[PDB]
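There are 4 protein chains.
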Amino acid sequence: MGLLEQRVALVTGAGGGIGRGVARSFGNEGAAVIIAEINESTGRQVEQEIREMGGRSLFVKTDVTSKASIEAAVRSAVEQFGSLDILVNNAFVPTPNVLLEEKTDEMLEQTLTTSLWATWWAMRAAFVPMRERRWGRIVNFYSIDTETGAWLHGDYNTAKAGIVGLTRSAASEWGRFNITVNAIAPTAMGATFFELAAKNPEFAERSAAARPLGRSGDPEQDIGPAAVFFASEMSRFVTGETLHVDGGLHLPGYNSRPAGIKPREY
Amino acid sequence: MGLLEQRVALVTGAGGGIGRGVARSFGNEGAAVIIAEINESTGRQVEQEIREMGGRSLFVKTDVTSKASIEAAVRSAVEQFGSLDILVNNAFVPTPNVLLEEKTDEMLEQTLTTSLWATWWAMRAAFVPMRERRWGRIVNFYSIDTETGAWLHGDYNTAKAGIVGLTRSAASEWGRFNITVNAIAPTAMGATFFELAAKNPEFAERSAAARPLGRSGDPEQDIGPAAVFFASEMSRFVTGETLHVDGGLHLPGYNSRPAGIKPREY
Amino acid sequence: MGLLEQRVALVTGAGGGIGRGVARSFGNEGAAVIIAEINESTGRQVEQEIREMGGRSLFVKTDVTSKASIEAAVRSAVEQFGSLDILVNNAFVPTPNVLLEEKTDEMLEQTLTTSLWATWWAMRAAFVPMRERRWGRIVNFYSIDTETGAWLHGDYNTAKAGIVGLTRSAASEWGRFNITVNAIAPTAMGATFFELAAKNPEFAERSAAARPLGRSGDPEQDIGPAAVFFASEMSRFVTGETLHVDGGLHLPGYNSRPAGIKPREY
Amino acid sequence: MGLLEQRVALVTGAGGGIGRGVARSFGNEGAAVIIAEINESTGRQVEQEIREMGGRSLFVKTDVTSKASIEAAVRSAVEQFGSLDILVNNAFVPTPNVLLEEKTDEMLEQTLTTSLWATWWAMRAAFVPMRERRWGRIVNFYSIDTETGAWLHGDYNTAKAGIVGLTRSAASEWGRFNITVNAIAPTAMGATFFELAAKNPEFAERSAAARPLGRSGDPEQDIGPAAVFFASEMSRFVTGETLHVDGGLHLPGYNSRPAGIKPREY
Ligand SMILES: NC(=O)c1ccc[n+]([C@@H]2O[C@H](COP(=O)([O-])OP(=O)(O)OC[C@H]3O[C@@H](n4cnc5c(N)ncnc54)[C@H](O)[C@@H]3O)[C@@H](O)[C@H]2O)c1
Ligand SMILES: NC(=O)c1ccc[n+]([C@@H]2O[C@H](COP(=O)([O-])OP(=O)(O)OC[C@H]3O[C@@H](n4cnc5c(N)ncnc54)[C@H](O)[C@@H]3O)[C@@H](O)[C@H]2O)c1
Ligand SMILES: NC(=O)c1ccc[n+]([C@@H]2O[C@H](COP(=O)([O-])OP(=O)(O)OC[C@H]3O[C@@H](n4cnc5c(N)ncnc54)[C@H](O)[C@@H]3O)[C@@H](O)[C@H]2O)c1
Ligand SMILES: NC(=O)c1ccc[n+]([C@@H]2O[C@H](COP(=O)([O-])OP(=O)(O)OC[C@H]3O[C@@H](n4cnc5c(N)ncnc54)[C@H](O)[C@@H]3O)[C@@H](O)[C@H]2O)c1
Ligand SMILES: [Cl-]
Ligand SMILES: [Cl-]
Ligand SMILES: [Cl-]
Ligand SMILES: [Cl-]
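Protein chains in written order, with the authors' numbering: chain C, 1 to 266; chain A, 1 to 266; chain D, 1 to 266; chain B, 1 to 266.
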C-alpha cells in the first residue's frame, strides 16, 4: 500500500523546486495533494502532473504572506477531501544576497513574513482538523545556512532559525493529540541552484564535490522520500527533530565568504 | 587590572534582573556602562550603583521597540565615552503563558519586536563604531526554552531561536573586523523567578534541585562573569557560539507540561 | 513493493528488544535478515517468526565481542543470501548502575567492547561487500543518555558518544561508495524497560508521560520503521545524521539523579 | 589579582603546543602548574619558563597511557602544592593519516588509550582531592573533527567523541560537589599545524582564511584564556558544555577530503 493512502496533504510553494518534488512524491504514495501555490501556471501544471500519474490533486491559488489566503487553502483541503492530515511549509521568496549591514529592515520583514509567519499561520490553521482527528504531520523547512551563518543570507538565517524554535514548541505541546512536528534542512537542484549554475560554469562541480555523497540533490528522488517519512506512520514516534537531507553536506559545512571580501581587515 | 578597562559597554534592559547583574559586573571590570533601560527609576538606580562602587555609568532612557531610540542610545555611548566596544542585548517583555494554539498573532509580533528586532537594530547600530575601530563584542541572550520547546512560551521560543540564527550570521560575516558575536542561554533569579516563587513556596527549592550544580543562579555572580568573558580579550578567538550558563540545567532539561494537561489525548 | 526487497540485512542482538523489532520490520519489507545474536534460543525464535510471516531469515550465532565471530557472520550473510546491504549495530550488554567514581575500569572496558569495538569491527567487515556493490546502509544505535549525561551510566554514555564520532567519520569517507551511515537514539520497551517496570509499578506510566507523545515505544511498530527508513532508498540523500526515535523525549530531557543523592553537597 | 591565585592545576602534555600555552597562561594567572609531560626536555623547558615569568611550576615526568603514572602526578600536585583544583586533559599522540578502512585496530586502541583512557584515569584520580575540598574544574579537549567526521582521523574522531560523553556524565554527577566539567574544541598553531605548514606553503594562509576571524590561533593568547575561564570562578555556573575556540571555524566547517580521493565512485 502507498505510505499516504487516505491522507490529505497541503504543500505550500508546490509549483516548483522541492515543493513540486514533495507534492509529486506524495501523490505517488496515495495522498490527496493541495498545491498551495501563488504561481497559477506552475501550480496547475503540478496539479495536472499528479493527476496524469494516477493521483489526486487540487491547485489552490495561495499567497502565504496572507493569513486569510492560508486559512482559505486549509478550508479547501478539508472541504474537498475530508481532512488535512499533512502540512508541508515549503514556500520561499528570496531577498538580495548582500552583506548583513546592507540588508534592509524591509528585507527582514519580508523574509519573516514569507518563512516564519507563513509557517505560524498554516500550522495554527491546520491544527484544527488535525486535533479533531487526533492525527497530524507537520513538516517544516529550515536550512543548513542557519547553522553555518552563511554569508549574504542574514535575514533568511534568522527567520529559518525561528522556524526551528517554532517546530520544537509545537512538537512539545501538540504531541498530546498525536500531531508530530519536524523540520528538514534540504539541499536540491531548485530555482536558486539553476540561477547560480547559469552564472558560474564550475558551480555544479564544486557543489556536488562539497559533500560526502558527491552529488547534488534531486527534489523528487532525494527530498521527496524524506518528506514522505515525516508525513507517514513510519515517523509516528519521531517529533521535534531536525534532519539534514543534503548528501551529508552538514558534516564538512561550506565556506560562503564572497570572493571580493578579505578574510581579515584588522 | 580590570578585564574591560578603557572599553565602553551598552546593556539593554539593565535596570533589573540579569541585565543589572551584567552591568554591575562590567562596571567592576572597568568598563563605562550605558544603562539602556526603559524604566527610568530602575535605570537610574543601576547607574548610581555602578558609580557608588567606583565605576563609570550613564543611564540613557531607551525603548528597544524603537529603532530610533536604540540608535540614539548608541550615539550617546560614543558621544559620552568615545566608543561602543561591547553590546549586550538583554531586554525582555513577557507575554501570557498560554498554550500555543491560544497565543495571538499580537503576542508573536510583540515578542519578535522586543527580542529579535531589538537585537537586529542594536547590532547594526553598534556595528558602525565597532567596524571603524576594528574591535567589537556582541553578547546576545537566548534561552534553554528554545531547545526544549518549553510549554506556554511558543512565541518566545520562536523569537529567541531567531536570535541564534542572527548571532551565527553576524559572527560569520563580522569577524573580518575583529567583531565577535556569541549568545548566552542563562538562568538566574530575575523578575520571572521571584514572581513564580511568590505563587509557589516549593518552586525555588525544586528549581535549584533540577540541575547538576544544585543551586539557583545569581545575576551578578553567576551570569555576570560569563558576559565578561564574552566581552573581553579572553574570548578573542571565540565567535558564533552558544553557551549555557545555568548550573548545568541543559543536561537534564526540564519537563514544562502544565499540571492540568493530560499527556495523551489520543 | 517492500522497501527492502532484494536486500540483505544483518542485525546484531536481534533475539530480543529493539533488535528483534527491527529484524521483524525488515522481514516484512522483503529483506533477508541475518539474526546475529549470541542467545541461540531467542535468535532462532526470531528467525522462525520471520519465516512464519513469509519472510527470509537465518539465525547465525554471533558474539560481537569477537572480531572473528563478526567476520564469520558477515561471510554467512554473503554466502547464504548473496550480499550484505544493510548493517544494524544493536547488541547491548549492561554494566551495574553505579556512580561514576564507583564504576570500575573493567566496566568501561566491557562497554567499549560491546558497543564501540563491536560497531567498529562490524562496519569494517560489512564495508567490503557494500563497497563491491556500491550500495550500503549502516544504522548505529546511540542513546539520549549521551546527551543528558545520565546518572549511573557513565561508561555507557562514553562508549555511545564514541559511536556518534565513528558514525560521522564513516559517513564522511564512505559516501563516495554510496554507503550511508546514520545513528538512531531510540527508546522502547526492551529488556531494561521490563526490568525497571517489574521493580517499580508506576514506572511505565511515568515513563510514557515524560515525553510529548505521551506513550512508550514499541520496538517493532515505533523503532522498526525508522530503521527501515535508514536502511532503504528513502534515505539515499541522508548520511551522518543522528535521529531521536523516542516520542519526543529529547525535548524535555529527563532528570536521572537517584532518589538517595542530595543535589548539593557544598 | 590573578584569576587562579591559590589554585593548583595539572596540565597533561604541557611541554608543547596548546598544553604549553595553557600552562603558561595558568602561571600568569597565579596557579601552581604541574607540567605532566612525557618529554623531559620540553617539560622542564616549560617549567623554567613559568618560573622565569614569576609563576609556580613543577615538571613531573608523566605517561598518560599509564594509570599509575597519572595517579603519581596527581599525588605530587597535592603533596607539593596542597591541592589539585584544576585538571586539563590535553595530551595527544597521533596515528597515521589513513582512510578509515585502512586504519588498524591497533591505531584505535592506541588513540582510545592516549585520549579517552588517559582522561578517564586522570578525572577519577583528581576527583578525590577536588571532592574533599568541594571545588573542582575539569577541562577536557575534543575536536571539531568529531563534528565534521574529518577524513583520515576516524580513530581520533571516535575517541574524542567519547570524551564529550564522559564530560557530560561527570558534569551531571559531580556538580553536587561543586566540580564542573567542560570540554573545549580548540584550533591553534601546535605541532600538527607546523607539520602541515612545513609540507604546504599555502596551508597557513588558507587555514587562517577558512574561518570568520581570519587568523590562526596562538596557543597562549587565544586558547589559554578560554581554559582560564573554565578553570576559574568566572565559569562557576557553567558545566557540561562544549565550546569551540577556533576563530569561528565551527561555523563554515572545512572540507578535509584528501587531494587524490574521488568525491564520487558510483
Ligand atoms: N534548494 C535548496 O538547496 C535549499 C536549501 C536550503 C533550504 N531550502 C528550503 O526548501 C524549501 C524549497 O526551496 P526551493 O529551492 O525548492 O525553492 P524554489 O525557489 O525552487 O520554489 C519556491 C516555490 O515557492 C513559490 N512561492 C513563492 N512565493 C510564494 C507565496 N507567497 N505563496 C505561495 N507560494 C510561493 C514559488 O512560486 C515556488 O513555486 C524552501 O523553504 C528553502 O528555503 C532549499
Ligand atoms: N532569568 C532567567 O532565568 C532567563 C532564562 C532564560 C532567558 N533569559 C533571558 O535573559 C535576559 C534577561 O532576563 P531577566 O529575567 O533578567 O529579565 P527581567 O524581566 O528581570 O528584566 C527585563 C529588563 O528589560 C527592561 N525592558 C523591558 N522592555 C524594555 C524596552 N522596550 N526597552 C528597554 N528596556 C526594556 C525591563 O524594564 C527590565 O529592566 C532576557 O533576554 C531573557 O529572555 C533569562
Ligand atoms: N530500549 C531503549 O529504551 C534504549 C534506549 C537507548 C539506547 N538503546 C540502545 O538500542 C539498542 C537495543 O536496546 P534494547 O533495549 O532493545 O536491548 P536488549 O537488552 O533488550 O537486547 C539486547 C540484545 O543484544 C543480545 N546480545 C547481548 N550480548 C551480545 C553479544 N556479545 N553478541 C551478540 N548479541 C548480544 C542480547 O542477547 C539481546 O538479544 C542498544 O544498542 C541500546 O544501547 C535502547
Ligand atoms: N592544535 C589544534 O589545532 C587542535 C585541533 C583540535 C584538537 N586539538 C586537541 O588539543 C590538544 C592539544 O593539541 P596540540 O596541537 O597542542 O598537540 P601537540 O602535538 O602540539 O602537543 C602534544 C603534547 O602532548 C605530549 N605527549 C605526547 N604523548 C604524551 C604522553 N603519553 N603523556 C604525556 N604527554 C604526552 C607531547 O610530548 C606534547 O608536549 C589535544 O588534545 C588535541 O587533540 C588541537
Ligand atoms: Cl544539492
Ligand atoms: Cl537559576
Ligand atoms: Cl519508550
Ligand atoms: Cl588555528
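Idealized CB from N, CA, C, for every residue including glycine.
Going by CA-CA distance only, name the one from the options that's closest to residue i.
i, options, result
"A/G253", "B/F229, B/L152 and B/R168", "B/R168"
"C/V64", "C/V74, C/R56 and C/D145", "C/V74"
"A/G16", "A/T180, A/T146, A/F194 and A/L251", "A/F194"
"D/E220", "D/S41, D/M107, D/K61 and D/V46", "D/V46"
"C/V245", "C/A68, C/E205 and C/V139", "C/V139"
"C/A68", "C/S207, C/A118 and C/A9", "C/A118"
"B/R257", "B/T148, B/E106 and B/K103", "B/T148"
"A/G27", "A/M1, A/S41, A/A72 and A/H250", "A/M1"
"C/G260", "A/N39, A/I261, A/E173 and A/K262", "A/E173"
"A/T62", "A/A77, A/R264, A/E52 and A/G54", "A/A77"
To which residues of the same chain is residue i closer than 6 Å at the C-beta, ignoring the five residues directly before and after it?
i, result
"D/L112", "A159"
"C/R20", "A14 and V46"
"D/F177", "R131 and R134"
"C/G175", "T239"
"C/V93", "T114"
Please confirm if residue i has its CB atom under 8 Å from at least one CB of chain B.
i, result
"D/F59", "no"
"A/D85", "no"
"C/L196", "no"
"D/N157", "yes"
Give the DSSP-derived three-state secondary structure of residue i in the structure shown.
i, result
"A/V60", "strand"
"B/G136", "strand"
"A/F127", "helix"
"A/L249", "coil"
"C/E5", "coil"
"B/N200", "coil"
"B/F229", "helix"
"B/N89", "strand"
Check whether the Cβ atoms of residue i and residue j lie closer than 8 Å to each other.
i, j, result
"B/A185", "B/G240", "no"
"B/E37", "B/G43", "yes"
"D/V11", "C/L243", "no"
"residue 267 of chain B", "B/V60", "The structure shown does not extend to residue 267 of chain B, since chain B is modelled only from 1 to 266, so the question has no answer here."
Excluding the 5 residues flanking residue i on each side, which residues of the same chain have their C-beta closer than 7 Å to its C-beta?
i, result
"D/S25", "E220, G224, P225, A227 and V228"
"C/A204", "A197 and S216"
"C/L213", "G247 and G248"
"A/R7", "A31, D85 and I86"
"C/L99", "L152"
"A/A150", "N157 and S256"
"A/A125", "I70, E71 and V74"
Beta-carbon of residue i versus every beta-carbon of chain A: anything under 8 Å?
i, result
"B/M107", "no"
"C/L100", "yes"
"D/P252", "yes"
"D/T104", "no"
Shorter than 8 Å from the beta carbon of residue i to some beta carbon of chain C?
i, result
"D/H244", "yes"
"A/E265", "yes"
"A/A170", "yes"
"D/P225", "yes"
"B/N255", "yes"
"A/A118", "no"
Check whether the Cβ of residue i lies closer than 8 Å to any Cβ atom in chain D.
i, result
"C/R7", "no"
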